[PDB]
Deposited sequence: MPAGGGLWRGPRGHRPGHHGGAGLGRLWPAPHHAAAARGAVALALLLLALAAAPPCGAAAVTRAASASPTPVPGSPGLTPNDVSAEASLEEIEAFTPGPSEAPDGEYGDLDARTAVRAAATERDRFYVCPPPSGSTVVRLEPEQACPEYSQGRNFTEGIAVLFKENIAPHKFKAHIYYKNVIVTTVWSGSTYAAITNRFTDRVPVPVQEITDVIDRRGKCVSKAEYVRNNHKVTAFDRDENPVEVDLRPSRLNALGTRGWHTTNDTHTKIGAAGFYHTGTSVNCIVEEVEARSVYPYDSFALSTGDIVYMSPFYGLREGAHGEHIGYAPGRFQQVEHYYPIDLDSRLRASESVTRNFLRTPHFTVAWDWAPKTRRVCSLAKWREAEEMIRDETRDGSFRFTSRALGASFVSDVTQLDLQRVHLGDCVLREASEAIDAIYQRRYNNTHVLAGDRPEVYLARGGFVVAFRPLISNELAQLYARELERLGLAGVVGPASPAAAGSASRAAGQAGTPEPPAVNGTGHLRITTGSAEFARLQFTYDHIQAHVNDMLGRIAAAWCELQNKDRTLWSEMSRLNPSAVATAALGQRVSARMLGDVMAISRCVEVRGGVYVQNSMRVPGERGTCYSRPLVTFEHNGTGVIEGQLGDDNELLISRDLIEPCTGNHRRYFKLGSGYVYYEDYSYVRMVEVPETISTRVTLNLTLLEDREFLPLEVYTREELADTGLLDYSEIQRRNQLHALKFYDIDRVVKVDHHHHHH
């Protein structure tokens, strides 16, 4: 290229050093100690006893060669509360007579159609621990008498069985392990203000005995502790269970996993962020605390919190730190979690219904924010070091402006420009023979550096010509040789890319598999057994 001479037409300087901000090397975090609470989805489970008399009434046609069961009528009948506390508890015996009401009439059944007697409750043969039963007879009385007549006999079997009882929210009923549903709150009482609970029976059905000592029917050992014993007579049994107040045995919030080294991130303005590196989750709550007077039955979320915040306060941080407030901070987190947080200061320093989903959103929020905060810190340092490197390099670009001032214009602009040093500012200006054979060969064209031909001789009279080098020896041309060997001061930075990873669906158990667990399925058993009369009999035919 040919270079015209620069004039004083257009001047320009170099850009000076420039300032640039700093990365945020400090966040407003608060180390603490926290426990987490979820929705209680588990029912209220308690122990109970059932007392009934199993009455079967069998009728037999007695033939000459055989006997045939005509009727077999089984009814279960309640044992009165006076007989629970005066013969079963005192003596371990039960009368062989059942008096009960049925079709609004007082009716009576006698065992073996005989006079009543007290019979000892013996244990069942199949009695295992937790599923213990007691019964008076092992026989079912049947009268098989003379030929040609019907004969009816009556068995009365007094059964005492230890059952488990379950109650689900709002605790207006409970169900026994026999399958029986009791339409009454298990927290009902006629005393100490427990009468506002739901009773679905007559007042004569219910009865409560204060200062009761349970007597075990195998060991005949009265218990050391007393209890208030509720009694309820049903048309089919009497259930007996221990009374406890509702607010002491039931919460709507259940304890989930604890967090030893919880950090309360307040870097994002307007919200809190509870990060546990041991759980692997970050929970985002608001600033205002939860009012635990608004949640129904949420009263153990603060006494079980402080009993376990303090229980590991005396295990990890006692010599190095102290708590603050003596009442933990209770927050409603995103997704339905209750974060009972307690700060940890240094030694040198209309009800609400809470429904809890899954915690998969908090694992992603932990994983994203921990990889966000590192790549913003890392790339805020390479930005701060690139800004500083270009400032100290500007001293080197100014020193090659006093000597060879035309190289700094070619590098800064891009086109092969020519600059002259006009004091402290630069002015920019934007038939080929081989050579004359007789320092630099700048004589005539038909020759400085970087293929720039001068319009004069300026030397004392290799050289690079185009894409070649012309060799001279004692000021005489030889050949246009090439050089393959090249030195390079360029540092290399080979940065690859993240390859794409596809995430196919992957579940350990599917929905059909997780519902096919259990011996019996009630919807499949019923849609086979209610087809029984249509499958093995003829309903649509009518005799005449």
* Asked: What gaps appear when the modelled C-alpha atoms are mapped onto the deposited sequence?
  -> 1 to 126, 476 to 521, 603 to 608, 617 to 626, 635 to 644, 660 to 667, 751 to 758
